[PDB]
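File shown here: work34.cif, holding mmCIF, C-alpha atoms and all ligand atoms.
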```cif
data_entry
#
loop_
_atom_site.label_atom_id
_atom_site.label_comp_id
_atom_site.auth_asym_id
_atom_site.auth_seq_id
_atom_site.Cartn_x
_atom_site.Cartn_y
_atom_site.Cartn_z
CA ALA A 2 0.00 0.00 0.00
CA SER A 3 1.07 3.66 -0.36
CA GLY A 4 3.74 4.57 2.09
CA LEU A 5 6.37 7.23 2.80
CA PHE A 6 9.97 6.72 3.79
CA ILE A 7 11.74 9.49 5.68
CA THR A 8 15.50 9.50 5.90
CA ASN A 9 16.96 11.09 9.01
CA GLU A 10 20.47 12.44 8.57
CA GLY A 11 21.25 12.30 12.27
CA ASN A 12 24.09 14.52 13.50
CA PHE A 13 27.10 14.58 11.15
CA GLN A 14 30.03 12.59 12.67
CA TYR A 15 27.87 10.92 15.32
CA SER A 16 26.48 7.96 13.32
CA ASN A 17 22.86 8.33 14.46
CA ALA A 18 21.12 8.41 11.07
CA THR A 19 17.91 6.36 10.91
CA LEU A 20 15.08 5.42 8.58
CA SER A 21 11.38 6.03 9.31
CA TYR A 22 8.29 4.79 7.44
CA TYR A 23 4.85 6.40 7.56
CA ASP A 24 1.56 4.85 6.51
CA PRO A 25 -0.71 7.73 5.46
CA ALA A 26 -3.82 5.46 5.52
CA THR A 27 -3.49 4.76 9.27
CA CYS A 28 -1.47 7.89 10.19
CA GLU A 29 1.12 5.71 11.91
CA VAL A 30 4.92 6.13 11.79
CA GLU A 31 7.52 3.49 12.60
CA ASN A 32 10.98 4.77 13.53
CA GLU A 33 14.43 3.08 13.31
CA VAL A 34 12.94 0.68 10.78
CA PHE A 35 16.25 -0.29 9.22
CA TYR A 36 17.61 -1.34 12.62
CA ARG A 37 14.36 -3.14 13.46
CA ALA A 38 14.53 -5.15 10.22
CA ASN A 39 18.28 -5.78 9.97
CA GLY A 40 19.75 -5.59 13.50
CA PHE A 41 22.38 -3.00 12.58
CA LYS A 42 22.47 0.76 11.87
CA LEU A 43 22.64 2.70 8.52
CA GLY A 44 25.51 4.85 9.68
CA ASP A 45 26.12 8.61 9.34
CA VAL A 46 24.12 11.15 7.27
CA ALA A 47 21.40 9.19 5.47
CA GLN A 48 21.01 11.72 2.63
CA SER A 49 18.40 10.49 0.14
CA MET A 50 16.49 7.45 -1.10
CA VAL A 51 15.05 6.25 -4.42
CA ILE A 52 12.76 3.29 -5.14
CA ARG A 53 12.98 1.33 -8.37
CA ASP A 54 11.32 -2.04 -9.10
CA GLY A 55 10.60 -2.99 -5.47
CA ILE A 56 14.04 -2.02 -4.15
CA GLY A 57 14.80 1.12 -2.15
CA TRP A 58 18.28 2.59 -2.47
CA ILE A 59 19.39 4.59 0.59
CA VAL A 60 22.41 6.83 0.22
CA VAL A 61 24.43 7.05 3.43
CA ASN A 62 26.60 10.07 2.78
CA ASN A 63 29.19 9.83 5.55
CA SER A 64 29.36 6.01 5.53
CA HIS A 65 30.57 5.63 1.91
CA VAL A 66 27.72 3.27 1.10
CA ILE A 67 24.37 2.85 -0.59
CA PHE A 68 22.14 0.17 0.84
CA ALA A 69 19.49 -1.58 -1.24
CA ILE A 70 16.45 -2.74 0.79
CA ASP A 71 13.31 -4.66 0.04
CA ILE A 72 10.63 -1.97 0.30
CA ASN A 73 8.13 -4.32 1.90
CA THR A 74 10.29 -5.92 4.61
CA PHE A 75 13.01 -3.25 4.90
CA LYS A 76 15.65 -6.02 4.83
CA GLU A 77 18.98 -5.31 3.13
CA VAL A 78 19.21 -7.11 -0.20
CA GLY A 79 22.53 -5.63 -1.18
CA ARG A 80 24.93 -2.71 -0.82
CA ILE A 81 27.56 -0.85 -2.81
CA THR A 82 30.56 0.54 -0.98
CA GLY A 83 33.64 2.63 -1.83
CA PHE A 84 31.95 5.99 -2.54
CA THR A 85 33.83 9.09 -1.41
CA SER A 86 30.78 10.83 0.08
CA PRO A 87 27.67 9.94 -1.91
CA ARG A 88 24.69 12.27 -2.34
CA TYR A 89 22.00 11.21 -4.86
CA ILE A 90 21.38 8.24 -7.16
CA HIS A 91 19.76 8.53 -10.61
CA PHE A 92 18.98 5.47 -12.69
CA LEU A 93 19.45 5.49 -16.44
CA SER A 94 18.46 1.83 -16.84
CA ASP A 95 18.35 -1.41 -14.87
CA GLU A 96 22.10 -1.74 -15.33
CA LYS A 97 23.35 1.83 -14.98
CA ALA A 98 22.98 4.66 -12.44
CA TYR A 99 24.92 7.77 -11.48
CA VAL A 100 25.88 8.52 -7.88
CA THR A 101 26.87 12.10 -7.15
CA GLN A 102 29.41 13.01 -4.46
CA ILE A 103 30.76 15.71 -2.22
CA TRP A 104 34.55 16.04 -1.72
CA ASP A 105 35.14 14.46 -5.11
CA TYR A 106 35.27 15.77 -8.67
CA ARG A 107 33.82 12.54 -10.07
CA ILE A 108 30.34 11.16 -10.37
CA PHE A 109 30.40 7.40 -9.86
CA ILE A 110 28.67 5.11 -12.34
CA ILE A 111 27.27 1.92 -10.91
CA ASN A 112 25.55 -1.24 -12.09
CA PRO A 113 22.65 -1.69 -9.65
CA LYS A 114 22.05 -5.27 -10.83
CA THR A 115 25.56 -6.42 -9.86
CA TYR A 116 26.15 -3.93 -7.00
CA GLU A 117 29.40 -2.63 -8.57
CA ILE A 118 31.10 0.61 -9.43
CA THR A 119 31.52 0.50 -13.21
CA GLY A 120 32.94 3.91 -14.14
CA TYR A 121 33.46 7.58 -13.29
CA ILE A 122 32.54 10.90 -14.87
CA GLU A 123 35.12 13.60 -14.28
CA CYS A 124 33.67 17.07 -13.78
CA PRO A 125 35.59 19.98 -15.39
CA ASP A 126 37.40 22.52 -13.21
CA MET A 127 36.72 20.69 -9.99
CA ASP A 128 38.97 19.00 -7.41
CA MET A 129 38.58 16.61 -4.46
CA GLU A 130 39.12 19.25 -1.80
CA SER A 131 36.01 21.25 -2.73
CA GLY A 132 34.20 19.15 -5.35
CA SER A 133 30.42 18.70 -5.24
CA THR A 134 27.74 17.21 -7.45
CA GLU A 135 24.27 16.88 -6.05
CA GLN A 136 20.75 16.42 -7.54
CA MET A 137 20.04 15.21 -11.09
CA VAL A 138 17.24 15.54 -13.62
CA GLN A 139 17.04 13.88 -17.02
CA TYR A 140 16.20 15.55 -20.35
CA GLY A 141 16.26 13.03 -23.19
CA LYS A 142 19.74 11.54 -23.35
CA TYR A 143 21.11 14.26 -21.06
CA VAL A 144 21.34 14.52 -17.30
CA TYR A 145 21.66 17.92 -15.71
CA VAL A 146 23.21 18.05 -12.25
CA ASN A 147 23.64 20.90 -9.76
CA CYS A 148 27.01 21.43 -8.08
CA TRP A 149 26.30 22.59 -4.54
CA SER A 150 29.06 22.88 -1.95
CA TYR A 151 31.68 25.49 -2.88
CA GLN A 152 30.40 25.43 -6.49
CA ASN A 153 28.18 27.67 -8.63
CA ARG A 154 27.27 25.56 -11.70
CA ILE A 155 24.78 23.22 -13.31
CA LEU A 156 26.50 20.64 -15.56
CA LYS A 157 25.05 18.82 -18.56
CA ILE A 158 26.07 15.17 -19.05
CA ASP A 159 25.60 13.15 -22.22
CA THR A 160 24.51 9.78 -20.86
CA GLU A 161 25.53 7.93 -24.03
CA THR A 162 29.20 8.68 -23.60
CA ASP A 163 29.04 9.53 -19.83
CA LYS A 164 30.75 12.87 -20.41
CA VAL A 165 30.10 16.39 -19.20
CA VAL A 166 29.36 18.37 -22.37
CA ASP A 167 28.26 21.79 -21.09
CA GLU A 168 28.00 23.93 -17.98
CA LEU A 169 26.15 27.04 -16.78
CA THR A 170 27.41 29.37 -14.05
CA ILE A 171 24.85 30.90 -11.73
CA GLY A 172 24.78 32.18 -8.16
CA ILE A 173 26.81 30.33 -5.52
CA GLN A 174 25.70 26.92 -4.17
CA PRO A 175 22.61 25.79 -6.12
CA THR A 176 21.06 23.29 -3.69
CA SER A 177 18.57 21.20 -5.65
CA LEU A 178 17.11 20.67 -9.11
CA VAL A 179 13.69 19.78 -10.53
CA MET A 180 12.23 19.76 -14.04
CA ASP A 181 8.76 21.14 -14.64
CA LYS A 182 6.14 20.06 -17.21
CA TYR A 183 7.33 22.71 -19.71
CA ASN A 184 10.86 21.23 -19.56
CA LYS A 185 12.18 24.16 -17.54
CA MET A 186 14.55 23.29 -14.71
CA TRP A 187 14.35 25.07 -11.39
CA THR A 188 17.13 25.44 -8.86
CA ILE A 189 17.45 27.51 -5.70
CA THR A 190 20.80 28.61 -4.29
CA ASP A 191 21.62 28.82 -0.59
CA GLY A 192 23.72 31.97 -0.91
CA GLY A 193 26.61 30.52 1.16
CA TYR A 194 27.00 31.75 4.76
CA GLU A 195 28.69 34.62 6.63
CA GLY A 196 32.35 33.69 7.04
CA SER A 197 32.25 31.16 4.22
CA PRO A 198 35.62 30.64 2.51
CA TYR A 199 33.77 30.58 -0.81
CA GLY A 200 31.13 33.30 -0.63
CA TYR A 201 28.05 34.85 0.91
CA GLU A 202 25.32 36.56 -1.11
CA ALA A 203 21.60 36.99 -1.55
CA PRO A 204 20.35 33.64 -2.93
CA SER A 205 18.12 33.18 -6.00
CA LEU A 206 15.51 30.89 -7.50
CA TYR A 207 16.18 30.24 -11.18
CA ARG A 208 14.14 28.90 -14.07
CA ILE A 209 16.39 27.43 -16.77
CA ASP A 210 15.29 26.19 -20.20
CA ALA A 211 16.48 22.56 -20.61
CA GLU A 212 16.51 22.67 -24.40
CA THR A 213 18.86 25.69 -24.74
CA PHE A 214 20.34 25.54 -21.22
CA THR A 215 19.73 29.28 -20.60
CA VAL A 216 18.42 31.25 -17.61
CA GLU A 217 14.89 32.47 -18.27
CA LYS A 218 14.00 33.81 -14.82
CA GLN A 219 15.94 34.76 -11.72
CA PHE A 220 14.12 35.67 -8.51
CA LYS A 221 16.55 37.11 -5.99
CA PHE A 222 15.89 36.94 -2.22
CA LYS A 223 17.56 38.59 0.77
CA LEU A 224 21.13 38.43 2.10
CA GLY A 225 20.98 36.20 5.16
CA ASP A 226 18.38 33.84 3.65
CA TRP A 227 19.53 30.20 3.45
CA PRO A 228 16.93 28.54 1.19
CA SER A 229 16.85 25.00 -0.14
CA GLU A 230 14.91 22.09 -1.55
CA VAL A 231 12.95 22.87 -4.70
CA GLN A 232 10.18 20.27 -5.13
CA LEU A 233 7.28 19.84 -7.56
CA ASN A 234 3.79 18.41 -7.37
CA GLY A 235 2.98 15.30 -9.43
CA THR A 236 1.81 17.23 -12.52
CA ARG A 237 5.01 19.33 -12.27
CA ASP A 238 3.29 22.67 -12.43
CA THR A 239 3.50 23.95 -8.86
CA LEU A 240 6.93 24.54 -7.36
CA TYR A 241 7.61 24.44 -3.58
CA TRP A 242 10.76 25.45 -1.72
CA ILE A 243 12.08 26.29 1.76
CA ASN A 244 13.13 29.84 2.63
CA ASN A 245 12.37 30.06 6.37
CA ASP A 246 8.71 29.49 5.48
CA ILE A 247 7.52 26.92 2.97
CA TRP A 248 6.71 28.72 -0.31
CA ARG A 249 4.93 27.63 -3.44
CA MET A 250 4.20 29.22 -6.76
CA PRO A 251 2.75 28.18 -10.17
CA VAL A 252 5.63 27.35 -12.54
CA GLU A 253 4.15 29.83 -15.03
CA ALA A 254 4.50 32.74 -12.57
CA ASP A 255 6.26 36.02 -13.31
CA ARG A 256 6.28 37.06 -9.68
CA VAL A 257 7.05 35.32 -6.41
CA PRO A 258 4.25 34.73 -3.88
CA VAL A 259 3.46 37.17 -1.12
CA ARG A 260 1.99 34.58 1.25
CA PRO A 261 3.74 31.28 2.14
CA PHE A 262 2.16 27.84 2.09
CA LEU A 263 3.41 27.36 5.68
CA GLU A 264 4.71 30.22 7.86
CA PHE A 265 8.10 30.07 9.56
CA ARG A 266 7.66 29.22 13.25
CA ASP A 267 11.20 29.75 14.59
CA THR A 268 12.15 26.11 13.98
CA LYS A 269 14.09 24.52 11.13
CA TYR A 270 12.07 23.33 8.12
CA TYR A 271 14.62 21.09 6.47
CA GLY A 272 12.98 18.59 4.11
CA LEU A 273 9.95 18.74 1.87
CA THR A 274 7.96 16.54 -0.51
CA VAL A 275 4.62 16.62 -2.33
CA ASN A 276 2.60 13.43 -2.70
CA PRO A 277 2.61 12.96 -6.51
CA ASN A 278 -0.86 11.44 -6.59
CA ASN A 279 -2.95 13.52 -4.16
CA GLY A 280 -0.93 16.73 -3.70
CA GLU A 281 -0.56 16.50 0.09
CA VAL A 282 2.53 18.35 1.32
CA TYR A 283 4.95 16.93 3.91
CA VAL A 284 7.38 19.22 5.70
CA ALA A 285 10.24 17.77 7.76
CA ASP A 286 11.23 20.02 10.64
CA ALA A 287 14.63 19.48 12.25
CA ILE A 288 13.48 21.70 15.16
CA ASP A 289 16.96 22.66 16.44
CA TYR A 290 19.08 19.94 14.80
CA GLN A 291 19.33 18.15 18.15
CA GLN A 292 16.04 16.78 19.34
CA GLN A 293 13.81 14.26 17.54
CA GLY A 294 12.41 15.93 14.44
CA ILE A 295 8.80 16.13 13.36
CA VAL A 296 7.02 15.79 10.01
CA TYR A 297 3.86 17.79 9.28
CA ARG A 298 1.41 16.52 6.69
CA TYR A 299 -0.77 19.19 5.02
CA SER A 300 -3.66 19.17 2.59
CA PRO A 301 -3.20 21.00 -0.75
CA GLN A 302 -4.82 24.00 0.94
CA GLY A 303 -2.40 24.07 3.87
CA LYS A 304 -4.62 22.43 6.52
CA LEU A 305 -2.74 20.12 8.91
CA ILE A 306 -3.85 16.48 8.47
CA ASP A 307 -1.33 14.88 10.79
CA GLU A 308 2.07 15.31 12.39
CA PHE A 309 4.50 12.69 13.65
CA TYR A 310 7.94 12.39 15.27
CA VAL A 311 10.69 10.82 13.18
CA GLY A 312 14.48 10.65 13.75
CA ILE A 313 17.14 13.35 14.14
CA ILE A 314 17.44 15.88 11.27
CA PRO A 315 14.88 14.37 8.86
CA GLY A 316 16.12 15.60 5.50
CA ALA A 317 14.55 13.64 2.65
CA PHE A 318 11.54 11.59 1.62
CA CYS A 319 10.87 8.77 -0.79
CA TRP A 320 7.38 7.71 -1.88
CA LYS A 321 6.39 4.06 -2.12
CA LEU A 322 3.40 4.36 -4.45
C1 LIG B 1 23.63 24.16 10.14
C2 LIG B 1 24.66 23.40 9.34
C3 LIG B 1 24.59 22.09 9.10
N1 LIG B 1 25.44 21.47 8.27
CO1 LIG B 1 26.82 22.17 7.24
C4 LIG B 1 25.63 22.47 5.98
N2 LIG B 1 24.86 22.67 5.15
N3 LIG B 1 26.57 23.86 7.94
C5 LIG B 1 25.75 24.20 8.83
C6 LIG B 1 25.98 25.62 9.33
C7 LIG B 1 26.70 25.61 10.67
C8 LIG B 1 26.79 26.98 11.34
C9 LIG B 1 25.65 27.25 12.25
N4 LIG B 1 25.95 27.18 13.54
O1 LIG B 1 24.53 27.49 11.83
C10 LIG B 1 26.74 26.21 8.17
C11 LIG B 1 25.80 26.88 7.19
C12 LIG B 1 27.95 27.11 8.41
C13 LIG B 1 27.23 24.94 7.58
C14 LIG B 1 28.28 24.96 6.81
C15 LIG B 1 28.68 23.82 6.03
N5 LIG B 1 28.10 22.71 6.02
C16 LIG B 1 28.54 22.02 4.95
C17 LIG B 1 28.22 20.75 4.71
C18 LIG B 1 28.52 20.03 3.43
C19 LIG B 1 27.48 19.97 5.67
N6 LIG B 1 26.94 20.44 6.68
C20 LIG B 1 26.26 19.43 7.44
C21 LIG B 1 27.07 18.89 8.59
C22 LIG B 1 25.27 20.22 8.25
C23 LIG B 1 24.28 19.74 9.30
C24 LIG B 1 23.29 18.63 8.95
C25 LIG B 1 23.59 17.37 9.76
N7 LIG B 1 23.00 16.25 9.37
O2 LIG B 1 24.33 17.41 10.71
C26 LIG B 1 23.59 21.06 9.64
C27 LIG B 1 22.30 21.21 8.83
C28 LIG B 1 23.25 21.11 11.14
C29 LIG B 1 24.49 21.12 12.02
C30 LIG B 1 24.07 21.48 13.41
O3 LIG B 1 23.83 22.63 13.70
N8 LIG B 1 23.98 20.47 14.26
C31 LIG B 1 23.58 20.60 15.63
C32 LIG B 1 24.79 20.87 16.50
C33 LIG B 1 24.38 21.17 17.93
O4 LIG B 1 25.62 19.73 16.50
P1 LIG B 1 27.18 19.90 16.21
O5 LIG B 1 27.77 18.53 16.15
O6 LIG B 1 27.72 20.90 17.17
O7 LIG B 1 27.14 20.53 14.75
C34 LIG B 1 28.15 21.40 14.27
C35 LIG B 1 28.84 20.82 13.06
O8 LIG B 1 27.89 20.08 12.30
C36 LIG B 1 29.32 22.04 12.30
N9 LIG B 1 29.22 21.82 10.85
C37 LIG B 1 28.18 22.17 10.10
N10 LIG B 1 28.39 21.84 8.83
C38 LIG B 1 29.59 21.26 8.72
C39 LIG B 1 30.30 20.72 7.66
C40 LIG B 1 31.55 20.20 7.87
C41 LIG B 1 32.34 19.62 6.73
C42 LIG B 1 32.12 20.20 9.24
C43 LIG B 1 33.48 19.61 9.47
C44 LIG B 1 31.40 20.72 10.29
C45 LIG B 1 30.14 21.26 10.07
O9 LIG B 1 28.46 23.10 12.69
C46 LIG B 1 27.58 22.68 13.72
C47 LIG B 1 27.45 23.75 14.79
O10 LIG B 1 28.74 24.03 15.31
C48 LIG B 1 25.96 18.33 6.41
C49 LIG B 1 25.91 16.93 7.03
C50 LIG B 1 24.67 18.57 5.61
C51 LIG B 1 24.38 17.49 4.57
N11 LIG B 1 25.11 17.50 3.47
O11 LIG B 1 23.49 16.67 4.72
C52 LIG B 1 27.18 18.50 5.48
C53 LIG B 1 28.39 17.58 5.74
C54 LIG B 1 28.45 16.39 4.77
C55 LIG B 1 29.81 15.73 4.65
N12 LIG B 1 30.86 16.50 4.81
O12 LIG B 1 29.90 14.54 4.41
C56 LIG B 1 29.39 22.94 4.06
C57 LIG B 1 30.65 22.36 3.40
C58 LIG B 1 28.40 23.49 3.03
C59 LIG B 1 28.81 24.72 2.25
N13 LIG B 1 29.65 24.57 1.24
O13 LIG B 1 28.34 25.80 2.54
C60 LIG B 1 29.82 23.94 5.09
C61 LIG B 1 31.13 23.54 5.74
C62 LIG B 1 31.53 24.38 6.95
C63 LIG B 1 32.69 23.76 7.69
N14 LIG B 1 32.60 23.74 9.01
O14 LIG B 1 33.65 23.31 7.10
#
```
Spit out the file's structure as structure tokens when you get a sec.
Ligand code: CNC
Amino acid sequence: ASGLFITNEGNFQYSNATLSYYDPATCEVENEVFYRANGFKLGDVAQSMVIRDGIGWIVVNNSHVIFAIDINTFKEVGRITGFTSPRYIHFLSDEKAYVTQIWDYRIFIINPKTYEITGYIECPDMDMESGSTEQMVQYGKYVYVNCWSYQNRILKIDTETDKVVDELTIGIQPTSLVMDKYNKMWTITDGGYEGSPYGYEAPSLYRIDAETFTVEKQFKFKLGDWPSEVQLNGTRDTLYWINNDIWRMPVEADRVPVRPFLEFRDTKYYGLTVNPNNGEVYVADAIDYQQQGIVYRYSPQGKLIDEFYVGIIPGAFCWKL
């Protein structure tokens, strides 16, 4: 039945990441489900999760590993190890996926059927000390990928030859990437932070044409803002993001909204997803990055349906639908 996984990053360098699973039919959450099923822990900084063909792939960023689990029993069915610091996985086929990385200038290519690393894509003008590749979207035979930490680019990869073929420089630290129904990509930058070795600026939300790879809109926010996490609804025509509050806007808009979907409440909204079938909006709140976090489930009109405690620093969601 429909279900929602929530990955909890835990505290970096403390190895307290966990996996939660929520059943929206019964409004019940189960926490530490990977430990319950397997009798050992995920590790440090569970970062993201994708489901393909009955198998969930959980990226554990600071444990150099992706685990593959059966999505019904939560039992490990396999794992791939040896990643520098993995971020997101994107499948091109049953036998090929890309795994992006921080602290590396390469994207790793894997064969998910054999649980092996099978190649690398070298990113131009990037090194190990400050390299970063992050989220991916596909456009025909191309994958576009944002480069987040200490970077300011989207790259374009030809998936036939596994080569970076183009790049676009924007504001510092684009955090996330989605593709709307008009084949326009959206990304939102975090603007760095005060005292950053790389930079600190007002962040922006950008709309980029996938066909020509050119900026079509830039909406600039305020210095001090630290936004993240563009997300779309299932029809890919309403964009959501975090910038203190949760914001949303029609992808056709020429102006940013004046009223948020969910007002800032002096906590730490940190993760976000929209149910692709019914439009319900889930917001993961890290609270203060120390206590158990909470997820809020809202109707499409912003009415709270349910709320539930998860693990520490819930950061990402994956639908089982
Ligand atoms: C808030 C936060 C977080 N950050 Co920073 C982010 N985004 N971060 C920050 C901020 C901290 C300042 C502040 N006080 O607000 C801020 C914006 C400066 C920051 C900066 C960075 N962060 C960075 C990264 C990548 C990370 N950060 C996280 C730790 C990441 C956290 C997410 C997570 N899962 O932990 C995070 C969301 C929450 C940390 C926290 O407050 N914990 C509660 C606190 C009480 O516990 P703590 O143990 O004392 O936490 C401290 C450390 O985590 C330290 N710290 C924070 N980030 C880093 C990154 C590194 C490499 C190191 C060594 C330490 C830190 O700052 C915290 C307060 O002192 C991270 C796990 C987020 C993720 N990717 O999921 C990730 C580390 C991943 C990895 N290395 O494998 C940056 C490299 C990003 C960038 N390019 O801007 C940069 C590095 C700074 C550095 N120290 O070298």
Worksheet item: Residues within 6 Å of ligand LIG 1 (chain B) (only C-alpha atoms and all ligand atoms), as a PyMOL selection string?
Response: chain A and resi 10-13+46+48+62-63+86+150-151+193-194+290-291+314
Please produce an output containing C-alpha atoms for each residue in the selection, written as a PDB file, keeping the file's coordinate frame.
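What follows is the written file out34.pdb:
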```pdb
ATOM      1  CA  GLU A  10      20.470  12.440   8.570  1.00  0.00           C
ATOM      2  CA  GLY A  11      21.250  12.300  12.270  1.00  0.00           C
ATOM      3  CA  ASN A  12      24.090  14.520  13.500  1.00  0.00           C
ATOM      4  CA  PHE A  13      27.100  14.580  11.150  1.00  0.00           C
ATOM      5  CA  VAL A  46      24.120  11.150   7.270  1.00  0.00           C
ATOM      6  CA  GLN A  48      21.010  11.720   2.630  1.00  0.00           C
ATOM      7  CA  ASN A  62      26.600  10.070   2.780  1.00  0.00           C
ATOM      8  CA  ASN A  63      29.190   9.830   5.550  1.00  0.00           C
ATOM      9  CA  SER A  86      30.780  10.830   0.080  1.00  0.00           C
ATOM     10  CA  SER A 150      29.060  22.880  -1.950  1.00  0.00           C
ATOM     11  CA  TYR A 151      31.680  25.490  -2.880  1.00  0.00           C
ATOM     12  CA  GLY A 193      26.610  30.520   1.160  1.00  0.00           C
ATOM     13  CA  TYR A 194      27.000  31.750   4.760  1.00  0.00           C
ATOM     14  CA  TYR A 290      19.080  19.940  14.800  1.00  0.00           C
ATOM     15  CA  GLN A 291      19.330  18.150  18.150  1.00  0.00           C
ATOM     16  CA  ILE A 314      17.440  15.880  11.270  1.00  0.00           C
TER      17      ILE A 314
END
```
Item to complete: Just the residues within 12 Å of residue 30 in chain A, please, counting only C-alpha atoms, with nothing from its chain fewer than 5 positions along; format it as a ChimeraX atom specification.
Response: /A:4-7,20-25,295-297,307-312
Which residues of range 77-150 of chain A have any atom within 10 Å of an atom in range 200-212 of chain A when counting only C-alpha atoms, and what is the closest pair of atoms for each, with the distance in Å to one decimal? Order the rows by chain and rising number and write it as a Markdown table.
```
| residue | atom | partner | partner_atom | distance |
| --- | --- | --- | --- | --- |
| A:138 | CA | A:211 | CA | 9.9 |
| A:139 | CA | A:211 | CA | 9.4 |
| A:140 | CA | A:211 | CA | 7.0 |
| A:141 | CA | A:212 | CA | 9.7 |
| A:143 | CA | A:211 | CA | 9.5 |
| A:144 | CA | A:211 | CA | 10.0 |
| A:145 | CA | A:211 | CA | 8.5 |
```
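Residue nearest residue 286 in chain A, chosen from A:96, A:181, A:267, A:238 and counting all atoms listed in the file: A:267.
Distance check against residue 299 in chain A using all atoms listed in the file: of A:191, A:281, A:117, A:264, the minimum falls on A:281.
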Padding 4 Å on each side, edges along x, y and z: where is the centre of the box around the listed atoms of range 76-81 of chain A, and how long are its edges in Å to one decimal? Output it as JSON.
```
{"center_x": 21.6, "center_y": -4.0, "center_z": 1.0, "size_x": 19.9, "size_y": 14.3, "size_z": 15.6}
```
Worksheet entry | Computed interatomic separation between CA of residue 268 in chain A and CA of residue 305 in chain A (Å) | 16.8 Å
Discussion item. One number please: CA of residue 16 in chain A to CA of residue 44 in chain A, in Å, one decimal.
Written reply: 4.9 Å
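Distance check against residue 84 in chain A using all atoms listed in the file: of A:188, A:54, A:137, A:118, the minimum falls on A:118.
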Fill in: Among listed residues A:155, A:232, A:271, A:166, nearest residue 216 in chain A (using all atoms listed in the file)
A:155
Discussion item. Taking (4.8, 26.1, -10.2) as a centre in this file's frame and 9 Å as the limit, can you find every polymer residue with an atom that close, using only C-alpha atoms, and give them as a PyMOL selection string?
Written reply: chain A and resi 181+233-234+237-241+249-254
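Between CA of residue 55 in chain A and CA of residue 109 in chain A lies a distance of 22.8 Å.
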Worksheet item: Counting all atoms listed in the file, what is within 8 Å of residue 149 in chain A, bar same-chain residues fewer than 2 positions away, as a PyMOL selection string?
Response: chain A and resi 133-135+147+151-154+173-177
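Residues lying within 6 Å of (36.9, 11.6, -11.9). Counted over all atoms listed in the file, they are residues 106, 107, 121, 122 and 123 of chain A.
With distances taken over all atoms listed in the file, A:229 is the one residue among A:102, A:229, A:300, A:213 lying closest to residue 270 in chain A.
Shortest separation to residue 36 in chain A among A:164, A:65, A:53, A:76 occurs at residue A:76, atoms counted being all atoms listed in the file.
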Discussion item. At a cut-off of 6 Å, using all atoms listed in the file, what residues contact residue 67 in chain A? Leave out same-chain residues fewer than 5 positions from it and give the result as an MDAnalysis selection string.
Written reply: chainID A and resid 59:61 80:81
Just need range 29-40 of chain A in a file, please: N, CA and C atoms, as a PDB file, in the first residue's frame.
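Final output, saved to out-v8.pdb:
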```
ATOM      1  N   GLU A  29       0.196   6.261  10.933  1.00  0.00           N
ATOM      2  CA  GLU A  29       1.125   5.709  11.913  1.00  0.00           C
ATOM      3  C   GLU A  29       2.533   5.768  11.343  1.00  0.00           C
ATOM      4  N   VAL A  30       3.503   6.165  12.189  1.00  0.00           N
ATOM      5  CA  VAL A  30       4.919   6.135  11.793  1.00  0.00           C
ATOM      6  C   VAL A  30       5.611   5.000  12.540  1.00  0.00           C
ATOM      7  N   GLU A  31       6.614   4.381  11.912  1.00  0.00           N
ATOM      8  CA  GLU A  31       7.523   3.490  12.601  1.00  0.00           C
ATOM      9  C   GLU A  31       8.911   4.104  12.425  1.00  0.00           C
ATOM     10  N   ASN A  32       9.631   4.238  13.534  1.00  0.00           N
ATOM     11  CA  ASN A  32      10.980   4.775  13.529  1.00  0.00           C
ATOM     12  C   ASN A  32      12.025   3.660  13.661  1.00  0.00           C
ATOM     13  N   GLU A  33      13.271   3.988  13.290  1.00  0.00           N
ATOM     14  CA  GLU A  33      14.426   3.079  13.310  1.00  0.00           C
ATOM     15  C   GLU A  33      14.096   1.763  12.593  1.00  0.00           C
ATOM     16  N   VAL A  34      13.466   1.871  11.415  1.00  0.00           N
ATOM     17  CA  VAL A  34      12.944   0.676  10.779  1.00  0.00           C
ATOM     18  C   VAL A  34      14.068  -0.147  10.168  1.00  0.00           C
ATOM     19  N   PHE A  35      15.176   0.498   9.807  1.00  0.00           N
ATOM     20  CA  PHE A  35      16.254  -0.289   9.217  1.00  0.00           C
ATOM     21  C   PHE A  35      16.892  -1.154  10.306  1.00  0.00           C
ATOM     22  N   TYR A  36      17.053  -0.546  11.510  1.00  0.00           N
ATOM     23  CA  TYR A  36      17.615  -1.339  12.616  1.00  0.00           C
ATOM     24  C   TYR A  36      16.625  -2.464  12.987  1.00  0.00           C
ATOM     25  N   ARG A  37      15.345  -2.131  13.097  1.00  0.00           N
ATOM     26  CA  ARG A  37      14.355  -3.141  13.461  1.00  0.00           C
ATOM     27  C   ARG A  37      14.430  -4.321  12.500  1.00  0.00           C
ATOM     28  N   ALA A  38      14.565  -4.058  11.191  1.00  0.00           N
ATOM     29  CA  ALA A  38      14.530  -5.147  10.225  1.00  0.00           C
ATOM     30  C   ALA A  38      15.855  -5.901  10.158  1.00  0.00           C
ATOM     31  N   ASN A  39      16.993  -5.190  10.307  1.00  0.00           N
ATOM     32  CA  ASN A  39      18.278  -5.780   9.973  1.00  0.00           C
ATOM     33  C   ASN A  39      19.158  -6.060  11.195  1.00  0.00           C
ATOM     34  N   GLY A  40      18.934  -5.357  12.303  1.00  0.00           N
ATOM     35  CA  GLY A  40      19.750  -5.589  13.502  1.00  0.00           C
ATOM     36  C   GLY A  40      21.115  -4.904  13.431  1.00  0.00           C
TER      37      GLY A  40
END
```
